[PDB]
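What follows is a single structure, written as structure tokens, with notes after it.
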Amino acid sequence: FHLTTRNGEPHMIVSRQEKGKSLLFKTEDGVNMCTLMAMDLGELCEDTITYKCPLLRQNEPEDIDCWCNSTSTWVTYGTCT
Amino acid sequence: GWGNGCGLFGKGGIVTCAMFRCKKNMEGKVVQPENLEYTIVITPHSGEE
């Protein structure tokens with residue numbers, strides 16, 4: 001995935017071949033591990049969706065398919081197939 | 001969803017097929033007035049035995 005930013009915050013452009021794998025990227029505050037569970041994750045195209053993966057410390061996830069454990073991150077991926 | 005091999009939770013497309021083998025059938029036919037065949041017996045009134 002391409003690591004960029006959105007208003008000072010880290011942003012992940014996730015491609016199709018990354019579905020199902022732990023997303024890791026270094027940050028001043030250590031190594032960040034985001035987890036992508038999006039069922040509709042497809043091919044990067046015009047039909048993108050973009051949203052935030054909250055920071056989750058010792059809390060079970062609820063009503064979400066993306067989250068990181070060290071620093072909140074934005075994520076973007078296409079839905080095409 | 002994640003529990004069955006998908007990255008995203010949501011509705012997915014599924015398709016199922018089964019070979020269909022008929023074991024007993026019925027058939028309806030159309031009877032044309034023509035092509036009907038009448039059998040008539042013509043017997044000589046002789047009284048022979």
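Starting from 1 in every chain, residues are counted up; chains themselves are A, B, ... following the order of the structure tokens, and ligands are numbered from 1 as listed.
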
Counting only C-alpha atoms, which residues of chain A come no farther than 8 Å from chain B, as a PDB file with N, CA, C and O atoms, in the first residue's frame?
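Saved result, selection_33.pdb, follows:
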```pdb
ATOM      1  N   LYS A  19      -5.445  -7.679   0.585  1.00  0.00           N
ATOM      2  CA  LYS A  19      -6.600  -8.194   1.296  1.00  0.00           C
ATOM      3  C   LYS A  19      -6.165  -9.369   2.164  1.00  0.00           C
ATOM      4  O   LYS A  19      -5.534 -10.297   1.683  1.00  0.00           O
ATOM      5  N   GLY A  20      -6.485  -9.320   3.448  1.00  0.00           N
ATOM      6  CA  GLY A  20      -6.133 -10.422   4.318  1.00  0.00           C
ATOM      7  C   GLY A  20      -4.771 -10.373   4.977  1.00  0.00           C
ATOM      8  O   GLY A  20      -4.370 -11.337   5.645  1.00  0.00           O
ATOM      9  N   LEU A  36      -7.215  -4.618   8.458  1.00  0.00           N
ATOM     10  CA  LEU A  36      -8.255  -4.365   7.479  1.00  0.00           C
ATOM     11  C   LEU A  36      -9.077  -5.637   7.311  1.00  0.00           C
ATOM     12  O   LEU A  36      -8.551  -6.694   6.962  1.00  0.00           O
ATOM     13  N   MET A  37     -10.375  -5.506   7.544  1.00  0.00           N
ATOM     14  CA  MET A  37     -11.316  -6.620   7.486  1.00  0.00           C
ATOM     15  C   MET A  37     -12.407  -6.352   6.466  1.00  0.00           C
ATOM     16  O   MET A  37     -13.373  -7.098   6.402  1.00  0.00           O
ATOM     17  N   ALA A  38     -12.278  -5.280   5.687  1.00  0.00           N
ATOM     18  CA  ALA A  38     -13.297  -4.921   4.696  1.00  0.00           C
ATOM     19  C   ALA A  38     -13.603  -6.042   3.696  1.00  0.00           C
ATOM     20  O   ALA A  38     -12.755  -6.430   2.890  1.00  0.00           O
ATOM     21  N   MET A  39     -14.824  -6.560   3.759  1.00  0.00           N
ATOM     22  CA  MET A  39     -15.239  -7.635   2.861  1.00  0.00           C
ATOM     23  C   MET A  39     -15.294  -7.159   1.405  1.00  0.00           C
ATOM     24  O   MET A  39     -14.953  -7.911   0.485  1.00  0.00           O
ATOM     25  N   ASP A  40     -15.705  -5.905   1.207  1.00  0.00           N
ATOM     26  CA  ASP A  40     -15.831  -5.320  -0.129  1.00  0.00           C
ATOM     27  C   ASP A  40     -14.540  -4.767  -0.741  1.00  0.00           C
ATOM     28  O   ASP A  40     -14.574  -4.131  -1.789  1.00  0.00           O
ATOM     29  N   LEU A  41     -13.407  -5.011  -0.090  1.00  0.00           N
ATOM     30  CA  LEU A  41     -12.116  -4.547  -0.598  1.00  0.00           C
ATOM     31  C   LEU A  41     -11.857  -5.174  -1.977  1.00  0.00           C
ATOM     32  O   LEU A  41     -11.771  -6.399  -2.110  1.00  0.00           O
ATOM     33  N   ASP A  65     -14.638  -2.415  10.410  1.00  0.00           N
ATOM     34  CA  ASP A  65     -13.845  -3.412   9.709  1.00  0.00           C
ATOM     35  C   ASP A  65     -12.412  -2.944   9.501  1.00  0.00           C
ATOM     36  O   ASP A  65     -11.649  -3.536   8.731  1.00  0.00           O
TER      37      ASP A  65
END
```

Quiz item: Excluding same-chain residues fewer than 2 positions from residue 48 (chain A), what lies within 9 Å of it counting only C-alpha atoms, as a VMD selection string?
Solution: chain A and resid 44 to 46 50 76 to 80

Any chance you could list, as a tab-separated table (two decimals) with N, CA and C atoms, in the first residue's frame, the residues in chain A that come up strand (DSSP E or B) when DSSP is run on the backbone?
```
chain	number	residue	atom	x	y	z
A	2	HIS	N	0.30	2.34	-0.57
A	2	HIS	CA	0.98	3.62	-0.61
A	2	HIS	C	0.67	4.41	0.66
A	3	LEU	N	1.71	4.79	1.39
A	3	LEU	CA	1.53	5.56	2.60
A	3	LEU	C	1.68	7.06	2.30
A	4	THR	N	0.62	7.81	2.58
A	4	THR	CA	0.57	9.25	2.36
A	4	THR	C	-0.07	9.87	3.62
A	5	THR	N	-0.61	11.09	3.52
A	5	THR	CA	-1.25	11.72	4.68
A	5	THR	C	-2.53	12.46	4.33
A	6	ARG	N	-3.35	12.71	5.34
A	6	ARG	CA	-4.61	13.45	5.16
A	6	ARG	C	-4.74	14.35	6.39
A	9	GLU	N	-2.50	13.38	9.37
A	9	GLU	CA	-2.70	11.99	9.76
A	9	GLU	C	-2.31	11.00	8.67
A	10	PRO	N	-1.79	9.83	9.06
A	10	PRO	CA	-1.39	8.84	8.05
A	10	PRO	C	-2.60	8.31	7.26
A	11	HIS	N	-2.40	8.10	5.96
A	11	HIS	CA	-3.45	7.62	5.06
A	11	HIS	C	-2.95	6.42	4.25
A	12	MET	N	-3.72	5.34	4.23
A	12	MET	CA	-3.32	4.14	3.49
A	12	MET	C	-4.12	3.87	2.23
A	13	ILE	N	-3.44	3.86	1.09
A	13	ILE	CA	-4.09	3.56	-0.19
A	13	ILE	C	-3.81	2.08	-0.33
A	23	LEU	N	-1.38	-4.78	8.06
A	23	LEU	CA	-0.77	-3.60	7.48
A	23	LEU	C	0.16	-2.91	8.50
A	24	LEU	N	1.46	-2.94	8.23
A	24	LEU	CA	2.44	-2.34	9.13
A	24	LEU	C	3.23	-1.18	8.54
A	25	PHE	N	3.34	-0.10	9.31
A	25	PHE	CA	4.12	1.06	8.89
A	25	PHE	C	4.66	1.80	10.09
A	26	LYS	N	5.95	2.08	10.04
A	26	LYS	CA	6.69	2.78	11.08
A	26	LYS	C	6.21	4.21	11.32
A	27	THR	N	6.22	4.62	12.58
A	27	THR	CA	5.84	5.98	12.99
A	27	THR	C	6.63	6.38	14.22
A	30	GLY	N	6.66	4.46	17.35
A	30	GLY	CA	6.80	3.02	17.21
A	30	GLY	C	6.13	2.50	15.94
A	31	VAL	N	6.01	1.18	15.87
A	31	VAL	CA	5.41	0.52	14.72
A	31	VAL	C	3.89	0.41	14.84
A	32	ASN	N	3.18	0.86	13.81
A	32	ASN	CA	1.72	0.81	13.81
A	32	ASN	C	1.18	-0.39	13.03
A	33	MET	N	0.22	-1.10	13.62
A	33	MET	CA	-0.38	-2.25	12.97
A	33	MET	C	-1.88	-2.05	12.76
A	34	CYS	N	-2.30	-1.78	11.53
A	34	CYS	CA	-3.72	-1.61	11.28
A	34	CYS	C	-4.23	-2.92	10.76
A	35	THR	N	-5.50	-3.19	11.03
A	35	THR	CA	-6.12	-4.43	10.60
A	35	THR	C	-7.27	-4.10	9.68
A	36	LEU	N	-7.22	-4.62	8.46
A	36	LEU	CA	-8.25	-4.36	7.48
A	36	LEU	C	-9.08	-5.64	7.31
A	39	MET	N	-14.82	-6.56	3.76
A	39	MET	CA	-15.24	-7.63	2.86
A	39	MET	C	-15.29	-7.16	1.41
A	43	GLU	N	-10.46	-3.91	-6.31
A	43	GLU	CA	-9.39	-3.34	-7.11
A	43	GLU	C	-9.41	-1.82	-7.01
A	44	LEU	N	-8.24	-1.20	-6.97
A	44	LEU	CA	-8.18	0.25	-6.89
A	44	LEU	C	-8.69	0.85	-8.18
A	45	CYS	N	-9.75	1.65	-8.09
A	45	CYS	CA	-10.31	2.28	-9.28
A	45	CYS	C	-10.93	3.64	-8.97
A	46	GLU	N	-11.91	4.04	-9.77
A	46	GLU	CA	-12.58	5.32	-9.58
A	46	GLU	C	-13.53	5.26	-8.40
A	47	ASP	N	-14.12	4.09	-8.20
A	47	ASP	CA	-15.04	3.90	-7.10
A	47	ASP	C	-14.24	3.59	-5.84
A	48	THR	N	-13.79	4.65	-5.17
A	48	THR	CA	-13.02	4.49	-3.95
A	48	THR	C	-13.87	4.67	-2.70
A	49	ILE	N	-13.59	4.28	-1.70
A	49	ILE	CA	-14.15	4.79	-0.45
A	49	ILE	C	-13.05	5.07	0.57
A	50	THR	N	-13.17	5.96	1.32
A	50	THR	CA	-12.17	6.51	2.25
A	50	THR	C	-12.79	6.78	3.61
A	51	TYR	N	-12.17	6.24	4.64
A	51	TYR	CA	-12.66	6.43	6.00
A	51	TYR	C	-11.59	6.13	7.03
A	52	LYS	N	-11.91	6.35	8.31
A	52	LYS	CA	-10.92	6.17	9.36
A	52	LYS	C	-10.92	4.88	10.17
A	53	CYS	N	-9.72	4.42	10.45
A	53	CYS	CA	-9.48	3.22	11.24
A	53	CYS	C	-9.06	3.71	12.61
A	55	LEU	N	-8.11	4.02	16.73
A	55	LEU	CA	-7.12	3.43	17.61
A	55	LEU	C	-7.93	2.62	18.59
A	66	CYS	N	-12.04	-1.88	10.20
A	66	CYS	CA	-10.69	-1.35	10.12
A	66	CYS	C	-10.33	-0.68	11.44
A	67	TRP	N	-9.11	-0.94	11.91
A	67	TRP	CA	-8.63	-0.35	13.14
A	67	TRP	C	-7.14	-0.56	13.27
A	68	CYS	N	-6.48	0.36	13.96
A	68	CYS	CA	-5.05	0.29	14.18
A	68	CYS	C	-4.85	0.22	15.69
A	73	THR	N	-5.54	5.78	11.77
A	73	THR	CA	-5.12	5.94	10.38
A	73	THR	C	-6.29	6.00	9.41
A	74	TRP	N	-6.16	6.77	8.34
A	74	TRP	CA	-7.21	6.84	7.34
A	74	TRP	C	-6.89	5.72	6.35
A	75	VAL	N	-7.93	5.18	5.70
A	75	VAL	CA	-7.71	4.12	4.71
A	75	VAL	C	-8.57	4.39	3.48
A	76	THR	N	-8.05	4.00	2.33
A	76	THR	CA	-8.74	4.14	1.06
A	76	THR	C	-8.50	2.94	0.16
A	77	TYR	N	-9.57	2.44	-0.45
A	77	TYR	CA	-9.46	1.31	-1.36
A	77	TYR	C	-10.60	1.33	-2.36
A	78	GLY	N	-10.40	0.66	-3.50
A	78	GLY	CA	-11.45	0.62	-4.50
A	78	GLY	C	-12.33	-0.59	-4.27
A	79	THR	N	-13.51	-0.60	-4.89
A	79	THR	CA	-14.44	-1.72	-4.76
A	79	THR	C	-14.60	-2.54	-6.04
A	80	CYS	N	-13.99	-2.07	-7.13
A	80	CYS	CA	-14.05	-2.75	-8.43
A	80	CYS	C	-13.54	-4.18	-8.34
```

Exercise. Would you work out the distance separating CA of residue 28 (chain A) from CA of residue 60 (chain A), expressed in Å to one decimal?
Key: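 Straight-line distance from CA of residue 28 (chain A) to CA of residue 60 (chain A) works out to 25.4 Å.
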
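With only C-alpha atoms as the atoms that count, the residue of A:70, A:1, A:8, A:29 with the shortest distance to residue 54 (chain A) is A:70.
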